[PDB]
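Asks: To start, I am sharing the structure in question, which I have written as structure tokens.
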């Protein structure tokens, strides 16, 4: 069974993933796959690099790179962190099968902003832009077609439980 | 204060809009607003959406909201519920016409849930999503203040509706 994590910039979706690998699960972090491919070839910033990848290699491309990332190994839970489009989803589905679920981790802007702003690019203008950049990738649709949506304003202890549950209600 | 209800075609938006309707709040149904405009602007066939597109092509995809504010008697100082927005373009419009206190709430249902419902073929319903998302409803949901999910139980669905409404008010 596969879970794809999706979430807007400041969502905290990372904590959900931290939770899953702690309960033993293959977590593959999509941006580090691109990251690791960056280590290999030089657009200039991680951004424009993956801008070319989708432009040259496919809709589409990064999911493949993750599935290639995964071994033919054999895991109980495989977790792909940070889908951004229905392209990636289609790919995952095609490659991995039918036990693939979308979990969107939700948090309303004003929170995500204050969350990000407080990270030891702090101008509200730029955050709003970064959201738009992300929406232009298609993450919005990934959220719309989710199988589950965990929200979190409030309390980590809140968030934690809504996870424990959305996970088992899948598992 | 303004509540915007957004949701995908099978989501169960209506039930939330209903719940508020029943409370006392004035609800404007955006799609009904468009229909009324049909009567004037559309002609012969225009399979709704066909005319819904031509409207945005002609007055920019903010229009539906502008017509909903046109309805809502420009004096109406009391809280209003609009259901249901499709584009951030329209959220922008409402804000630019009704000010800061504007709230996007959204109802979620998994596609498989959403369809089993709407039926009670499949291809057609998936096209109707493809279309909806092409109106940027995805980003509206993405940028939602609240996202109430709609799994089993009107009872649990209702309880979550109150949680938000009260929070909102």
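We count from 1, first residue shown onward.
Backbone N, Cα and C define each Cβ position, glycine as well.
So Swiss-Prot lists the following for this protein:
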type	residues	note
BINDING	B:7, B:8, B:9, B:10, B:11, B:12, B:13, B:14	ATP binding site
Asks: Once the DSSP letters are reduced so that anything not helix or strand counts as coil, what is residue B:11 (ATP binding site)?
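Replies: For residue B:11 (ATP binding site) - judged by DSSP and reduced to three states - the answer is coil.
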Asks: For the break between residue B:120 and residue B:121 (8 residues unmodelled), what's the Cα distance in Å?
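Replies: Logged value, Cα of residue B:120 to Cα of residue B:121: 12 Å.
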Asks: Can you check which residues sit near residue B:11 (ATP binding site), meaning Cβ under 8 Å from its Cβ, same chain, 6 or more apart in sequence, and list them in order?
Replies: B:107, B:108, B:109, B:114, B:150
Asks: Most Cβ neighbours within 10 Å: which of the binding-site residues B:7, B:9, B:10, B:12 is it?
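Replies: The residue with the most neighbouring Cβ atoms within 10 Å is B:7.
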Asks: Restricting to the chain of residue B:13 (ATP binding site) and a gap of 6 or more, list residues whose Cβ falls under 8 Å of its Cβ, or answer none.
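Replies: Residues satisfying the criterion: B:5, B:6, B:7, B:83, B:84, B:107.
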Asks: What is the total of other Cβ atoms whose distance to the Cβ of residue B:14 (ATP binding site) is within 10 Å?
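Replies: Taking every protein chain into account, the count is 15.
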Asks: To test your reading of the ATP site: which residues beyond B:7, B:8, B:9, B:10, B:11, B:12, B:13, B:14, same chain only, put their Cβ within 8 Å of the Cβ centroid of those residues?
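Replies: Everything else in range on the chain: B:84, B:107, B:109, B:114, B:150.
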Asks: Measuring CB to CB from residue B:8 (ATP binding site), give everything in the same chain under 8 Å that is also at least six residues away in sequence.
Replies: B:108, B:109, B:111, B:114, B:129, B:132, B:137, B:141
Asks: May I ask you to pick out the binding-site residues among B:8, B:11, B:13 with a CB closer than 8 angstroms to chain A's CB atoms, ordered by sequence, or 'none' if no residue qualifies?
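Replies: Checking chain A against the binding-site residues, the residues within range (Cβ-Cβ under 8 Å) are B:8.
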